[PDB]
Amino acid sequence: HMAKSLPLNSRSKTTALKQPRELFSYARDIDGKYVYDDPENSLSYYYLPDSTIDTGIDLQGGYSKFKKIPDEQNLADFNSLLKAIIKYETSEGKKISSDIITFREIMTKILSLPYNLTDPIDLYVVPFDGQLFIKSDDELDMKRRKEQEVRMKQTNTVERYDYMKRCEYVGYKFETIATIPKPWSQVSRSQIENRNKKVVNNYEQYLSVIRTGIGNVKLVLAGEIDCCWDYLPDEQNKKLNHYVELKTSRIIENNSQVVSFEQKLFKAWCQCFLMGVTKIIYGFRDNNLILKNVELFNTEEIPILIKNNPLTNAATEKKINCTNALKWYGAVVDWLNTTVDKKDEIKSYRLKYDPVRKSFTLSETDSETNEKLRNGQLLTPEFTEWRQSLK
């Protein structure tokens, strides 16, 4: 049926960037249950001395005891985010002011789209109480994840497939061996030393909810935070400044590896720029998954590093440029903000990037889909009642 499309070459004229600020946080515990009071108790702190790095940490250590959340249980959870929002807004006596409320991974997909043209995007947009609630199409995502899985099983040897699954584990192991549950001053020597034996899980999470903007649009983004650098300030407008994102990558050996590392680093920049995270730490590991060295990047410096790398030139259309991405992102969110009637709660929309047709479109959902979205699948009855109560 009919759909409105934004041309893929659309770009905002300038870049008016607002500084992000954390509004509140919440957490997920080791059993997968969300926590809304004293969530700061779930924030870890970065701690990884060179002397420890020198020992040659095995990042596949403990792979067989990995406590891994099933993928079906690890989708972005609007229920819990809305519950966190009701708690905050009840304290403030007022709704959060924003045009869009969503998860950061969703905007990361949009922002990085210009240099990741083969990757699909399928989202749902639900207007409610003067705001746009945006979530991913869970069913399509799971279907793509399953089909990616079966590809990778079929097309790689048993050895390569096992290695790739171990590489998935490596990311979480690095987080485990590079962080401590409290700042250096409150942690004991045992805790520090025993990290390499701790059971690794990906259940526990600390989530920041931030307000930010671009152009004249306001966005609230929920995103998971890997750790805190030194201490968490009490000053609300400074909390984001102390967060850190962790990554792992293979040590780099040829120019092929250099362009791939540029691509990953851009995606890391996308994720951290949106969230106000100022530090990205890479754990570089070898073929046997031993950690070899660690490097800190300042988020704000990444655009310069990318623009000035003598090894990674390409045609202007293919060369990653952070400013160009930001102008595409700004065009998208302004389009969403002026196209959809935020006051019409009678329907919902699919927002889709289709790489085969090269199109970026908004179309109305089916009545049954709108109903599901508004009665549990995105909006919850507790949240709708809360918002109706303020008016």
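A residue's number is simply how far along the shown sequence it sits, counting from 1.
Visitor: Got a sec? Mean C-alpha B-factor, which is higher, 376 to 384 or 14 to 22?
Guide: Looking at the record's C-alpha B-factors, the answer is 14 to 22.
Visitor: Of 155 to 163 and 261 to 269, which one has the bigger average CA B-factor?
Guide: Of 155 to 163 and 261 to 269, the stretch with the higher C-alpha B-factor average is 155 to 163.
Visitor: Which of these, 136, 102, 254, 112, has its C-alpha atom at the highest B-factor, as the entry lists it?
Guide: Result of the comparison over 136, 102, 254, 112: 254.
Visitor: Using only the C-alpha B-factors in the record, can you name which of 192, 246, 170, 302 has the highest?
Guide: Among 192, 246, 170, 302, the PDB entry lists the largest C-alpha B-factor for 192.
Visitor: What third of its chain's C-alpha B-factors does residue 57 belong to: lowest, middle or highest?
Guide: Top third by C-alpha B-factor.
Visitor: Give the position of residue 362 by CA B-factor within its chain, expressed as the lowest, middle or highest third.
Guide: It belongs to the middle third of the chain when residues are ordered by C-alpha B-factor.
Visitor: Would you please rank residue 353 by its C-alpha temperature factor against the other modelled residues of its chain and give the third it falls in: lowest, middle or highest?
Guide: Middle third by C-alpha B-factor.
Visitor: Thinking about Cα B factors across the chain, which third does residue 45 belong to?
Guide: Residue 45: CA B-factor falls in the lowest third of its chain.
Visitor: Using the B-factors in the PDB entry, rank residue 27's C-alpha atom against the chain and give the third, lowest, middle or highest.
Guide: Tercile = lowest for this residue's CA B-factor.
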